[PDB]
Amino acid sequence: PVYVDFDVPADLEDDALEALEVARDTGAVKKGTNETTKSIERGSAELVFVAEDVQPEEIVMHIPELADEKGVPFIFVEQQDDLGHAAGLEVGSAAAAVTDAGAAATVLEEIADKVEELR
RNA sequence: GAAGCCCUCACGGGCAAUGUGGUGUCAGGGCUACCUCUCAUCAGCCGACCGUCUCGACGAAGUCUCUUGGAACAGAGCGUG
Ligand SMILES: [Mg+2]
């Protein structure tokens, strides 16, 4: 909400999550805000996911701007538990980072484009 | 970075990426490359002596003489541990 500056259409979110699932199987993904943060910092991040139902918002507030000054692309997900499930967790997750896609580097790269365009 | 914890005989359930658990805590630590090594620390097993306080068992040698007296545990005499 305070860290969310644009709205992601339901359909776009689906493609993104789908991509994430194939990312855990084919490529590599980091689950958890701390682990995600280090990707953006270490630059190993290609696409980071951030839930919008996070409370306290503090836990994620930094993701956006941090990602911006690191060139890393990021997309918003409405449900915290969907991102967790999509990441392959039995629990939810406030943030995830696709650290080098897998059999999705295409669809992924394009999701990043759609978002950049979503302003 | 799920390698973790709680309940339950089990099955099963619950917690946990908003981080369980590993590492680590100024002889600073981590990371990378090395040297040597462990006897530090931490976790868990076992598990007292002595002392002190109280309680209890066992535990030596006269119940002799005369006098006074209601009564000798007194006086005088003899004897014992
Ligand atoms: Mg520890």
# chains A, B, ... in the order shown; residues from 1 in each chain; ligands from 1
call {"tool": "residues_around", "arguments": {"residues": "region 101-108 of chain A", "least_positions_apart": "4", "cutoff": "12 Å", "atoms": "only C-alpha atoms (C1' of nucleotides)", "output": "ChimeraX atom specification"}}
result
/A:12-30,44-49,73-75,97,112-115
call {"tool": "write_last_selection", "arguments": {"atoms": "N, CA, C and O atoms", "output": "compact mmCIF listing (two decimals), in the first residue's frame"}}
result
# COMPACT_ATOMS: atom_id res chain seq x y z
N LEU A 12 -1.71 -10.71 -15.16
CA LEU A 12 -0.26 -10.55 -15.15
C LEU A 12 0.34 -11.29 -13.96
O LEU A 12 1.37 -11.95 -14.07
N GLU A 13 -0.33 -11.15 -12.82
CA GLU A 13 0.10 -11.80 -11.59
C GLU A 13 0.16 -13.31 -11.79
O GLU A 13 1.09 -13.97 -11.31
N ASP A 14 -0.82 -13.85 -12.50
CA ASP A 14 -0.87 -15.28 -12.76
C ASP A 14 0.33 -15.74 -13.57
O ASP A 14 0.99 -16.73 -13.22
N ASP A 15 0.63 -15.02 -14.65
CA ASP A 15 1.77 -15.38 -15.49
C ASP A 15 3.03 -15.37 -14.63
O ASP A 15 3.84 -16.30 -14.70
N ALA A 16 3.16 -14.33 -13.81
CA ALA A 16 4.30 -14.18 -12.91
C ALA A 16 4.44 -15.36 -11.96
O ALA A 16 5.51 -15.95 -11.86
N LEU A 17 3.37 -15.69 -11.25
CA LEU A 17 3.42 -16.80 -10.31
C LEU A 17 3.76 -18.08 -11.07
O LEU A 17 4.62 -18.86 -10.63
N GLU A 18 3.09 -18.30 -12.20
CA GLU A 18 3.35 -19.48 -13.02
C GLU A 18 4.85 -19.57 -13.30
O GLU A 18 5.48 -20.60 -13.08
N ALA A 19 5.41 -18.46 -13.77
CA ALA A 19 6.83 -18.38 -14.07
C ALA A 19 7.65 -18.78 -12.86
O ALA A 19 8.61 -19.55 -12.97
N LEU A 20 7.25 -18.27 -11.69
CA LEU A 20 7.95 -18.55 -10.44
C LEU A 20 8.00 -20.05 -10.13
O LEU A 20 9.04 -20.57 -9.70
N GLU A 21 6.89 -20.74 -10.36
CA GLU A 21 6.83 -22.17 -10.09
C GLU A 21 7.82 -22.94 -10.97
O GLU A 21 8.52 -23.83 -10.49
N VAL A 22 7.89 -22.59 -12.25
CA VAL A 22 8.81 -23.27 -13.15
C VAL A 22 10.23 -22.83 -12.82
O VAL A 22 11.20 -23.51 -13.17
N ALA A 23 10.34 -21.70 -12.14
CA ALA A 23 11.64 -21.17 -11.76
C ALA A 23 12.24 -22.01 -10.65
O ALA A 23 13.45 -22.27 -10.66
N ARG A 24 11.42 -22.46 -9.70
CA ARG A 24 11.92 -23.29 -8.61
C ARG A 24 12.33 -24.67 -9.10
O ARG A 24 13.25 -25.29 -8.55
N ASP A 25 11.66 -25.16 -10.14
CA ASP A 25 11.98 -26.48 -10.67
C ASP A 25 13.13 -26.46 -11.67
O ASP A 25 14.06 -27.27 -11.58
N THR A 26 13.08 -25.53 -12.62
CA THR A 26 14.10 -25.41 -13.66
C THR A 26 15.29 -24.54 -13.28
O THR A 26 16.43 -24.86 -13.62
N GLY A 27 15.02 -23.43 -12.61
CA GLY A 27 16.09 -22.53 -12.21
C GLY A 27 16.25 -22.44 -10.71
O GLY A 27 16.08 -23.43 -9.99
N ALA A 28 16.55 -21.24 -10.22
CA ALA A 28 16.74 -21.04 -8.79
C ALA A 28 15.93 -19.86 -8.25
O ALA A 28 15.78 -18.83 -8.90
N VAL A 29 15.41 -20.03 -7.03
CA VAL A 29 14.62 -18.99 -6.38
C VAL A 29 14.97 -18.84 -4.90
O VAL A 29 15.32 -19.80 -4.22
N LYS A 30 14.87 -17.61 -4.41
CA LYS A 30 15.13 -17.33 -3.01
C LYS A 30 13.78 -16.98 -2.38
O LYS A 30 13.05 -16.12 -2.88
N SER A 44 22.41 -10.86 -7.85
CA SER A 44 22.03 -12.15 -8.42
C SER A 44 20.53 -12.27 -8.69
O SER A 44 20.08 -13.31 -9.17
N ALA A 45 19.78 -11.22 -8.40
CA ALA A 45 18.33 -11.25 -8.62
C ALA A 45 17.95 -10.78 -10.02
O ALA A 45 18.51 -9.80 -10.54
N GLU A 46 17.00 -11.49 -10.63
CA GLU A 46 16.51 -11.17 -11.96
C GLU A 46 15.08 -10.67 -11.89
O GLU A 46 14.67 -9.80 -12.65
N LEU A 47 14.31 -11.25 -10.98
CA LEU A 47 12.93 -10.81 -10.78
C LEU A 47 12.53 -11.07 -9.34
O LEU A 47 12.62 -12.21 -8.86
N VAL A 48 12.08 -10.03 -8.64
CA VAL A 48 11.66 -10.18 -7.26
C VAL A 48 10.16 -9.96 -7.08
O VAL A 48 9.58 -9.04 -7.66
N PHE A 49 9.57 -10.83 -6.28
CA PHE A 49 8.14 -10.77 -5.99
C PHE A 49 7.93 -10.20 -4.58
O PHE A 49 8.66 -10.53 -3.64
N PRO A 73 14.32 -5.94 -11.49
CA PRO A 73 12.88 -5.77 -11.73
C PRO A 73 12.03 -6.39 -10.61
O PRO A 73 12.42 -7.40 -10.01
N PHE A 74 10.87 -5.80 -10.33
CA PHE A 74 10.00 -6.34 -9.29
C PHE A 74 8.52 -6.24 -9.61
O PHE A 74 8.06 -5.27 -10.24
N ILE A 75 7.77 -7.24 -9.18
CA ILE A 75 6.33 -7.29 -9.41
C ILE A 75 5.57 -7.55 -8.09
O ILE A 75 6.10 -8.20 -7.18
N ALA A 97 12.56 -14.02 -4.70
CA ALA A 97 13.42 -13.55 -5.77
C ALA A 97 13.84 -14.70 -6.67
O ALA A 97 14.50 -15.65 -6.22
N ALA A 112 8.86 -8.77 -16.96
CA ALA A 112 9.61 -7.61 -16.51
C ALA A 112 9.30 -6.44 -17.42
O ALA A 112 9.22 -5.29 -16.98
N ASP A 113 9.13 -6.74 -18.70
CA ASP A 113 8.83 -5.72 -19.69
C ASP A 113 7.43 -5.20 -19.48
O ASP A 113 7.21 -3.99 -19.44
N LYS A 114 6.48 -6.11 -19.33
CA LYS A 114 5.09 -5.71 -19.12
C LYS A 114 4.96 -4.77 -17.92
O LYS A 114 4.22 -3.78 -17.98
N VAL A 115 5.69 -5.08 -16.85
CA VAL A 115 5.68 -4.28 -15.63
C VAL A 115 6.32 -2.91 -15.85
O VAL A 115 5.75 -1.88 -15.48
call {"tool": "interface_residues", "arguments": {"of": "chain A", "to": "chain B", "cutoff": "7 Å", "atoms": "only C-alpha atoms (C1' of nucleotides)", "output": "PyMOL selection string"}}
result
chain A and resi 31-32+59+93
call {"tool": "write_last_selection", "arguments": {"atoms": "N, CA and C atoms", "output": "CSV table (one decimal), in the first residue's frame"}}
result
chain,number,residue,atom,x,y,z
A,31,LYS,N,13.5,-17.7,-1.3
A,31,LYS,CA,12.2,-17.5,-0.5
A,31,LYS,C,12.5,-16.8,0.8
A,32,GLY,N,11.8,-15.7,1.1
A,32,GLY,CA,12.0,-15.0,2.3
A,32,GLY,C,12.6,-13.6,2.1
A,59,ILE,N,8.5,-4.7,7.0
A,59,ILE,CA,9.3,-5.8,6.4
A,59,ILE,C,9.6,-5.8,4.9
A,93,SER,N,4.9,-16.3,2.1
A,93,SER,CA,6.1,-15.5,1.9
A,93,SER,C,5.9,-14.1,1.5
call {"tool": "residues_near_ligand", "arguments": {"ligand": "ligand 1", "cutoff": "8 Å", "atoms": "only C-alpha atoms (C1' of nucleotides) and all ligand atoms", "output": "number ranges by chain"}}
result
B: 22-24
call {"tool": "residues_around", "arguments": {"residues": "residue 75 (chain B)", "least_positions_apart": "5", "cutoff": "12 Å", "atoms": "only C-alpha atoms (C1' of nucleotides)", "output": "list in words"}}
result
residues 66, 67 and 68 of chain B
call {"tool": "select_by_dssp", "arguments": {"residues": "chain A", "states": "alpha helix (DSSP H)", "output": "MDAnalysis selection string"}}
result
chainID A and resid 10:26 33:42 58:61 63:68 80:86 105:117
